[PDB]
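Notes for the one structure printed next.
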Number of protein chains: 4
Amino acid sequence: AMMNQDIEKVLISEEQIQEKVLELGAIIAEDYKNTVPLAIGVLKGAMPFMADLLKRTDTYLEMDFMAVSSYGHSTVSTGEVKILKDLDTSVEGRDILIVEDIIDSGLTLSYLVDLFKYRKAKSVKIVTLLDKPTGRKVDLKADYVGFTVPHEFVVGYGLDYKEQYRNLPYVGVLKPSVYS
Amino acid sequence: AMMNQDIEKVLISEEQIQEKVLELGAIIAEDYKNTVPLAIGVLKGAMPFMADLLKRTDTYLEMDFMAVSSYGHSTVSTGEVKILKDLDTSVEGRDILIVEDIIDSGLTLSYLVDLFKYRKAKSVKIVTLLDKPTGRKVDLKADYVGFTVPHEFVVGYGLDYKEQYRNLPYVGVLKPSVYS
Amino acid sequence: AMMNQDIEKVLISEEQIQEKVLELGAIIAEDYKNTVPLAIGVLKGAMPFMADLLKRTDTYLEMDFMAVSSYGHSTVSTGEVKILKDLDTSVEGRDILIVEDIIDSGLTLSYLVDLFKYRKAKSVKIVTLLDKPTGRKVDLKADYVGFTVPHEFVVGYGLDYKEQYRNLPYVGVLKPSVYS
Amino acid sequence: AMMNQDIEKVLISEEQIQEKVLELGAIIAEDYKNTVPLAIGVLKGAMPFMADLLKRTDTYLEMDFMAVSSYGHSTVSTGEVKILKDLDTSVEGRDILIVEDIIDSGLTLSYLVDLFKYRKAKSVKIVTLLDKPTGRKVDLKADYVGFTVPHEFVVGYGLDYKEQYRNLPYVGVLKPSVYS
Ligand SMILES: Nc1nc2c(ncn2[C@@H]2O[C@H](COP(=O)(O)OP(=O)(O)O)[C@@H](OP(=O)(O)OP(=O)(O)O)[C@H]2O)c(=O)[nH]1
Ligand SMILES: Nc1nc2c(ncn2[C@@H]2O[C@H](COP(=O)(O)OP(=O)(O)O)[C@@H](OP(=O)(O)OP(=O)(O)O)[C@H]2O)c(=O)[nH]1
Ligand SMILES: Nc1nc2c(ncn2[C@@H]2O[C@H](COP(=O)(O)OP(=O)(O)O)[C@@H](OP(=O)(O)OP(=O)(O)O)[C@H]2O)c(=O)[nH]1
Ligand SMILES: Nc1nc2c(ncn2[C@@H]2O[C@H](COP(=O)(O)OP(=O)(O)O)[C@@H](OP(=O)(O)OP(=O)(O)O)[C@H]2O)c(=O)[nH]1
Ligand SMILES: [Mg+2]
Ligand SMILES: [Mg+2]
Ligand SMILES: [Mg+2]
Ligand SMILES: [Mg+2]
């Protein structure tokens, strides 16, 4: 019983992830050299990428995190979600950088973006490791993108199937037999 | 030995409060007869008034509550507050009735008002037991008001000094010897 | 369309509730005359009763509130729940009084009781408006009880059916046709 | 202009951290091969270490997180803290692995340890990257330790001074001129 045996194929190895993280980190450090931004991750999936990205971003910055959950029907259509943990600091006047593992529908993330704008953020940018424009249900594009990927359910490096596989150091596609 | 000894004068007796609450309840019941509104109280102070008001509001309605805290000096400027407990249901398409004990500066309350408007509320109205408009730091008008009271620090019927005196059935003014 | 028309029969009218609230309040005020207890309500159902009870409790006290939600299978068997809003003050050394609308299974409430004991409460007592020893799934008895009632689903005065009827000023039994 | 100029000395380089993390990950993967543990990080500081550790832990596991804050002077005594974000799943019957960046006083961590034991955890173990046992205000031993470090205030790899320097890929000591 080993996780590797559940993966049909690899999409992005650890080597390529760390390479792209090094690239995005250096770009972000230069873009944010004249401000102390508030970098925000949405639990749970964004944590591994956010960890590796920010330690390749050589500039002063603060971290924070938010936890949200679905309301049921309203979340599936407008992205409105229940805030379980709000930010530990105010958004007003801050340059916000949202760090995400993947953008698929974009519903929830667009709700948070405009929420931070309602809270009078100085700016709101997005950096995502993976982008799936296929399943997009609102006009939302990330400012920084590590990889664009097909509409195929992947796992690893923060992305789960029923709360497991988040700890893989790579991203891959599960064998169809894994699903249940 | 007893709280009444700390009270210098009674500003609004229990009898007066229940008379106006009976009045407000009937008005609100008429205004919301063709909708199932979401009646929201902001902890902790609004709890006694919200309880007695909806007891007098003979119409179908749901209850919910929110808890917030300040970000320090940031809240004092725009009223932005940390959400500790969001609503249990979505705001979109709902008629929101915010139940408050008192509106003084209005900073925090206006922030929640436009938060719910950002969340696509069908309508957002405010009913407060006490209105202290002389303290406003923002333009915010309550739609339903029990009493308008002078620019003074009161206590009782939800309103606390250092977390005490909320359980008084009336609204009064403390003797200056109490402040420390 | 009026709520009264949905009630098959009344269990406790408003007059009897306020009478019992006056009785329990005076008992609690004497028992807690030599301490400033922390009175805690569990949202949402306990709010109306907690409001009326504490304003008939003529002694110094503090209020607080907690919000919890179910985990699924673990909540149905052991009462363990997710804390959505924790207390705003520490429990250590405090005399805790939990104010509840009804005790049926007792699972959740016994989890919170022993949680406060784990947090080194000086004492943990319970006051409940209604008690249904029928559906009890753990040995838990309230210290103060307003009314013992049969194993029949009631509504009003904080108790809901699908989030409605909480605002009734009395407790009654819905007509069977109301259910869906 | 750059953070490295604020650092007086590097205590544990990035290369050393990843070597030990690789070691810890393999050990933990062996110890948890016959269970699906719940790996819990305490925000914010544990995020970088937790990310790299589970990347090296080739076994099935779930991730979760908690957020807390202090009650003022009360936390300093028994470590009791306000829960801002509880776990997303129940603790009962689960093998809990708490992932920490550093253990200094141990007050807060011991409180969470016995909280999870109160919630009927099957087991509760602790892995910390850094151990500062000379600062203990309670008897708490970590089961897995990366490095033991002297009684000194460090920064980097999750550890902050006034919310900054978390994003350093190493652990260092600030120049005294930085403290204000
Ligand atoms: N494993 C995996 N997950 C995907 C994929 N695409 C989207 N998700 C996740 O599914 C959840 C719901 O996503 P959607 O709302 O449909 O799309 P969105 O990501 O654009 O919002 C999100 O987080 P969540 O799962 O609700 O939270 P968490 O897992 O981040 O804690 C998202 O991260 C994928 O290809 N693989
Ligand atoms: N006792 C008392 N309180 C007043 C009075 N006027 C305002 N407050 C309360 O003080 C807190 C902050 O007041 P302001 O910022 O000045 O006014 P605002 O609430 O309208 O913004 C609010 O709640 P809070 O105290 O932060 O929350 P909670 O106590 O409801 O939990 C508000 O309800 C008064 O005359 N007497
Ligand atoms: N209307 C009504 N409700 C009852 C009755 N008996 C129990 N409940 C409610 O159902 C929910 C689950 O109760 P149980 O866990 O089965 O029993 P317990 O009350 O002893 O814990 C509780 O709150 P909750 O509904 O989950 O939260 P909230 O409604 O207090 O927000 C409780 O208040 C009843 O006769 N009538
Ligand atoms: N930078 C740094 N921090 C240390 C050091 N030792 C302890 N801390 C952090 O300070 C906070 C309180 O520390 P103590 O109460 O003294 O030690 P304890 O965490 O073991 O109880 C904790 O997290 P926190 O800061 O309150 O939370 P967060 O920063 O993880 O969000 C802890 O992680 C150190 O040498 N350097
Ligand atoms: Mg997931
Ligand atoms: Mg107050
Ligand atoms: Mg209910
Ligand atoms: Mg810190």
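All values below were derived from every heavy atom in this structure, side-chain atoms included, with hydrogens, water molecules and symmetry-related copies excluded. The chains referred to below are lettered A, B, ... by the order of the sequence lines, with proteins before strands, and numbering in each begins at 1.
- For B/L61, the parts sitting under 4.5 Å from any heavy atom of chain C are the backbone and the side chain alike.
- Most heavy-atom pairs under 4.5 Å with chain B, from the set C/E14, C/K162, C/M50, C/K44: that is C/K44.
- For C/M3 against B/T59, the heavy-atom pair with the smallest separation is CE-O, 3.5 Å.
- Heavy-atom neighbours of B/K125 NZ from other residues, nucleotides or ligands within 6.0 Å: at or below the threshold of 12.
- Residues C/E163 and B/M63 are not in side-chain contact: their nearest non-hydrogen atoms beyond the backbone lie 4.5 Å or more apart.
- Neither the backbone nor the side chain of B/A39 comes within contact range of chain C, judged by heavy atoms closer than 4.5 Å.
- Inter-residue side-chain proximity for B/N167 and C/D58 is flagged as unmet; no heavy-atom pair is nearer than 4.5 Å.
- Side chain of C/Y60 to backbone of B/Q164: no donor-acceptor contact under 3.5 angstrom is found.
- Counting heavy atoms from C-beta on, the side chains of B/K55 and C/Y157 come closer than 4.5 Å.
- Per-residue heavy-atom pair counts under 4.5 Å with chain C were compared for B/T57, B/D64, B/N4, B/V36, and the maximum is reached by B/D64.
- Open room surrounds NZ on B/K120; 12 or fewer heavy atoms of other groups in view lie less than 6.0 Å from it.
- With rounding to the nearest 0.5 angstrom, the CG atom of B/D88 is 8.0 Å from the CG atom of C/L43.
- Between B/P169 and C/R56 there is a side-chain heavy-atom pair separated by less than 4.5 Å.
- Heavy atoms from other residues, nucleotides or ligands lying under 6.0 Å from CD of C/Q5 number more than 12.
- When side chains are defined from C-beta on, B/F65 counts as touching C/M47, because their heavy atoms get closer than 4.5 Å.
- Contact count versus chain C (heavy atoms, under 4.5 Å) is highest, among B/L168, B/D52, B/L84, for B/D52.
- Closest heavy-atom contact between B/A51 and C/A51: CB-CB, 3.5 Å.
- Side-chain contact between B/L54 and C/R166 is absent, with no heavy-atom pair separated by less than 4.5 Å.
- Neither the backbone nor the side chain of B/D86 comes within contact range of chain C; no heavy atoms are under 4.5 Å apart.
- By the neighbour-count criterion of 12 heavy atoms within 6.0 Å, atom NZ of C/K175 is densely surrounded, having more than that number from other residues, nucleotides or ligands.
- Neither the backbone nor the side chain of C/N34 comes within less than 4.5 Å of any heavy atom in chain B.
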